[PDB]
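S.K.: File name protein_14.cif; file contents mmCIF, C-alpha atoms and all ligand atoms; full text below.
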```
data_target
loop_
_atom_site.label_atom_id
_atom_site.label_comp_id
_atom_site.auth_asym_id
_atom_site.auth_seq_id
_atom_site.Cartn_x
_atom_site.Cartn_y
_atom_site.Cartn_z
CA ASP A 29 -18.05 0.77 -13.30
CA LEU A 30 -15.19 0.99 -10.81
CA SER A 31 -14.61 -0.85 -7.56
CA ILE A 32 -13.52 1.43 -4.70
CA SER A 33 -12.61 0.90 -1.06
CA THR A 34 -15.73 1.40 1.01
CA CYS A 35 -13.68 3.12 3.74
CA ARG A 36 -10.58 5.15 2.93
CA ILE A 37 -7.65 4.86 5.35
CA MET A 38 -5.40 7.93 5.64
CA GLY A 39 -7.14 9.15 2.51
CA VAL A 40 -6.20 6.03 0.46
CA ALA A 41 -8.62 3.92 -1.61
CA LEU A 42 -8.00 0.87 -3.75
CA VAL A 43 -9.60 1.55 -7.16
CA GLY A 44 -10.03 -1.08 -9.87
CA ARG A 45 -12.10 -2.02 -12.86
CA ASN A 46 -14.95 -4.45 -12.21
CA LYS A 47 -13.49 -6.98 -14.67
CA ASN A 48 -10.13 -7.62 -16.28
CA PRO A 49 -8.18 -6.12 -17.93
CA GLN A 50 -7.03 -3.70 -15.23
CA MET A 51 -5.00 -0.52 -15.73
CA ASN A 52 -1.58 0.49 -17.00
CA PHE A 53 0.17 3.42 -15.29
CA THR A 54 -1.51 6.04 -17.52
CA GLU A 55 -4.94 4.42 -17.07
CA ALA A 56 -4.47 4.27 -13.29
CA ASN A 57 -3.72 7.99 -13.04
CA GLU A 58 -6.72 8.72 -15.29
CA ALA A 59 -9.02 6.60 -13.10
CA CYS A 60 -8.08 8.51 -9.96
CA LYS A 61 -8.52 11.77 -11.86
CA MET A 62 -12.00 10.83 -13.08
CA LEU A 63 -12.91 10.36 -9.40
CA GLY A 64 -11.52 13.79 -8.50
CA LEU A 65 -8.52 12.17 -6.77
CA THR A 66 -4.80 11.75 -7.45
CA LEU A 67 -2.68 8.63 -7.67
CA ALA A 68 -1.35 7.85 -4.20
CA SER A 69 2.35 7.81 -3.37
CA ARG A 70 4.20 4.88 -1.81
CA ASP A 71 4.46 6.95 1.38
CA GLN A 72 0.69 7.46 1.46
CA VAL A 73 0.02 3.72 1.13
CA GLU A 74 2.56 3.02 3.88
CA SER A 75 0.77 5.46 6.19
CA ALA A 76 -2.53 3.68 5.44
CA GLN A 77 -1.02 0.23 6.09
CA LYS A 78 0.29 1.43 9.47
CA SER A 79 -3.29 2.46 10.29
CA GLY A 80 -4.78 -0.96 9.40
CA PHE A 81 -5.18 -0.83 5.58
CA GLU A 82 -4.60 -4.06 3.68
CA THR A 83 -5.81 -5.44 0.34
CA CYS A 84 -5.27 -8.46 -1.89
CA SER A 85 -4.35 -6.38 -4.98
CA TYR A 86 -1.18 -4.82 -6.33
CA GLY A 87 -1.88 -1.26 -7.45
CA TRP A 88 0.01 1.56 -9.13
CA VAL A 89 1.52 4.41 -7.09
CA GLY A 90 3.07 7.70 -8.22
CA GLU A 91 6.65 6.40 -8.17
CA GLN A 92 5.78 4.28 -11.29
CA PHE A 93 5.78 0.89 -9.56
CA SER A 94 3.01 -1.09 -7.91
CA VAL A 95 2.57 -2.06 -4.26
CA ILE A 96 0.38 -4.26 -2.04
CA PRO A 97 -0.26 -3.46 1.65
CA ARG A 98 -0.37 -6.56 3.85
CA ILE A 99 -0.90 -6.98 7.59
CA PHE A 100 -1.79 -10.69 7.83
CA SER A 101 -0.11 -13.44 5.81
CA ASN A 102 -2.12 -15.03 3.00
CA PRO A 103 -0.58 -17.14 0.19
CA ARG A 104 -3.03 -15.58 -2.29
CA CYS A 105 -2.10 -11.96 -1.39
CA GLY A 106 1.53 -10.98 -1.83
CA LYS A 107 2.75 -14.58 -1.37
CA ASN A 108 2.37 -14.53 2.46
CA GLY A 109 4.35 -11.28 2.79
CA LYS A 110 3.71 -8.59 5.39
CA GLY A 111 4.36 -4.86 4.91
CA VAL A 112 4.10 -2.69 1.81
CA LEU A 113 5.53 -5.00 -0.86
CA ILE A 114 6.90 -3.64 -4.15
CA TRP A 115 6.56 -4.83 -7.76
CA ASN A 116 8.79 -3.12 -10.33
CA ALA A 117 6.98 -3.55 -13.64
CA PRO A 118 6.84 -1.83 -17.04
CA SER A 119 4.40 1.07 -17.28
CA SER A 120 2.38 -1.05 -19.74
CA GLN A 121 1.56 -3.71 -17.10
CA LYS A 122 -2.03 -3.90 -15.80
CA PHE A 123 -2.64 -3.32 -12.05
CA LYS A 124 -5.30 -1.66 -9.93
CA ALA A 125 -4.72 1.89 -8.62
CA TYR A 126 -4.17 3.42 -5.19
CA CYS A 127 -5.84 6.83 -5.17
CA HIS A 128 -5.49 9.53 -2.50
CA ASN A 129 -8.24 11.91 -1.38
CA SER A 130 -6.74 15.18 -0.13
CA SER A 131 -10.05 16.16 1.53
CA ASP A 132 -9.70 13.27 4.02
CA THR A 133 -8.41 13.96 7.55
CA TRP A 134 -10.05 11.22 9.61
CA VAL A 135 -7.84 8.14 9.78
CA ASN A 136 -10.84 6.06 8.60
CA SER A 137 -13.47 7.83 6.47
CA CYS A 138 -16.16 5.57 8.00
CA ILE A 139 -15.25 6.27 11.65
CA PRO A 140 -16.23 9.81 12.73
CA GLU A 141 -14.89 11.79 15.63
CA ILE A 142 -16.80 11.55 18.90
CA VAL A 143 -19.92 13.72 18.66
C1 LIG A 201 -2.09 2.41 -21.62
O1 LIG A 201 -3.37 2.07 -22.11
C2 LIG A 201 -3.90 2.98 -23.07
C3 LIG A 201 -5.32 2.56 -23.42
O2 LIG A 201 -6.21 3.00 -22.42
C4 LIG A 201 -2.98 3.05 -24.30
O3 LIG A 201 -3.41 4.02 -25.24
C5 LIG A 201 -1.58 3.43 -23.86
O4 LIG A 201 -0.66 3.39 -24.92
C6 LIG A 201 -1.10 2.46 -22.79
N1 LIG A 201 0.21 2.86 -22.36
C7 LIG A 201 1.20 1.97 -22.16
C8 LIG A 201 2.51 2.55 -21.71
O5 LIG A 201 1.04 0.76 -22.30
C1 LIG A 202 -13.14 12.61 -0.86
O1 LIG A 202 -13.41 12.97 0.48
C2 LIG A 202 -14.49 13.85 0.68
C3 LIG A 202 -14.45 14.30 2.12
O2 LIG A 202 -14.41 13.17 2.96
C4 LIG A 202 -15.78 13.14 0.24
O3 LIG A 202 -16.91 13.99 0.37
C5 LIG A 202 -15.64 12.73 -1.22
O4 LIG A 202 -16.77 12.01 -1.67
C6 LIG A 202 -14.38 11.87 -1.41
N1 LIG A 202 -14.24 11.49 -2.80
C7 LIG A 202 -13.89 10.26 -3.19
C8 LIG A 202 -13.82 10.03 -4.68
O5 LIG A 202 -13.62 9.36 -2.40
#
```
Translate the structure described by the file into structure tokens.
Ligand SMILES: *[C@@H]1O[C@H](CO)[C@@H](O)[C@H](O)[C@H]1NC(C)=O
Ligand SMILES: *[C@@H]1O[C@H](CO)[C@@H](O)[C@H](O)[C@H]1NC(C)=O

M.R.:
Amino acid sequence: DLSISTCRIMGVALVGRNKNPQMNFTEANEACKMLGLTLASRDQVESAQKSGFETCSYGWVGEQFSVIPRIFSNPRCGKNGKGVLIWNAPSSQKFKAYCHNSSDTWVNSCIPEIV
């Protein structure tokens, strides 16, 4: 089974396997596709981070590198960095995936508009 962000921010979800090993670049694209999504771009993860999205996992994006979005500093997540941090790695390296849902328009898929 796959782990997925409970609430997507600017259409972005972190997607990973429930146990290691995680996913090379090809596997990451395939995982998003199996969910009916696409691999997110760096720009899409940056937009999510600016809207409050952070994780403790590096994940593949469409530019063929991996990123981690960080808002608070934690030594276990991006070595206390803040921002969208980049990891240039071979396409064979295992990471999670950032997927983008083009049907999302709410900033947070769990927070509706006022009804
Ligand atoms: C990615 O993993 C798949 C197995 O799911 C493998 O067939 C493929 O060669 C791998 N690609 C790279 C670049 O490591
Ligand atoms: C994508 O978003 C739509 C609309 O919010 C939702 O119904 C659908 O389940 C989402 N799919 C995934 C894989 O998140």

S.K.: Residues near residue A:54, anyone? I mean within 12 Å using all atoms listed in the file, not counting same-chain ones fewer than 3 positions away, as an NGL selection string.

M.R.: :A and (50-51 or 57-61 or 67 or 88-90 or 92-93 or 118-125)

S.K.: Taking 5 positions as the minimum chain separation for residues in the same chain, which residues sit within 9 Å of residue A:111 when counting all atoms listed in the file? Answer as a list in words.

M.R.: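 The neighbour list is residues 74, 77, 78, 96, 97, 98, 99 and 100 of chain A.
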
S.K.: For ligand LIG 202 (chain A), which residue out of A:39, A:106, A:44, A:80 is the nearest one, using only C-alpha atoms and all ligand atoms?

M.R.: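 For ligand LIG 202 (chain A), the nearest of the given residues is A:39.
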
S.K.: Report, in Å to a single decimal, how far apart atom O2 of ligand LIG 202 (chain A) and atom CA of residue A:82 are.

M.R.: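 It comes out at 19.8 Å.
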
S.K.: Between atom CA of residue A:101 and atom CA of residue A:79, what distance in Å does the model show, to one decimal?

M.R.: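 So the answer is 16.8 Å.
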
S.K.: Between A:112, A:43, A:105, A:73, which one has atoms that come closest to residue A:56, using all atoms listed in the file?

M.R.: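 Smallest distance to residue A:56 is found for A:43.
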
S.K.: Taking only C-alpha atoms and all ligand atoms and a cut-off of 6 Å, can you tell me which residues surround ligand LIG 202 (chain A), written as JSON, numbers by chain?

M.R.: {"A": [63, 64, 129, 131, 132]}

S.K.: From the set A:38, A:30, A:127, A:117, which residue has the shortest atom-to-atom contact distance to ligand LIG 201 (chain A), counting all atoms listed in the file?

M.R.: A:117

S.K.: Please, what distance in Å, to one decimal, runs between atom CA of residue A:66 and atom CA of residue A:47?

M.R.: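 These atoms are spaced 21.9 Å apart.
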
S.K.: Looking at only C-alpha atoms, which of A:116, A:94, A:70, A:136 is the one that sits closest to residue A:37?

M.R.: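 Smallest separation from residue A:37 among the options: A:136.
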
S.K.: Considering all atoms listed in the file, can you say which of A:81, A:55, A:32, A:42 comes closest to ligand LIG 201 (chain A)?

M.R.: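 Closest to ligand LIG 201 (chain A) of all the choices is A:55.
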
S.K.: Taking only C-alpha atoms into account, which of A:95, A:40, A:35, A:65 comes nearest residue A:114?

M.R.: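 Nearest candidate to residue A:114 out of A:95, A:40, A:35, A:65: A:95.
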
S.K.: Just the residues within 6 Å of residue A:41, please, counting all atoms listed in the file, with nothing from its chain fewer than 4 positions along; format it as a ChimeraX atom specification.

M.R.: /A:33,36,126-127
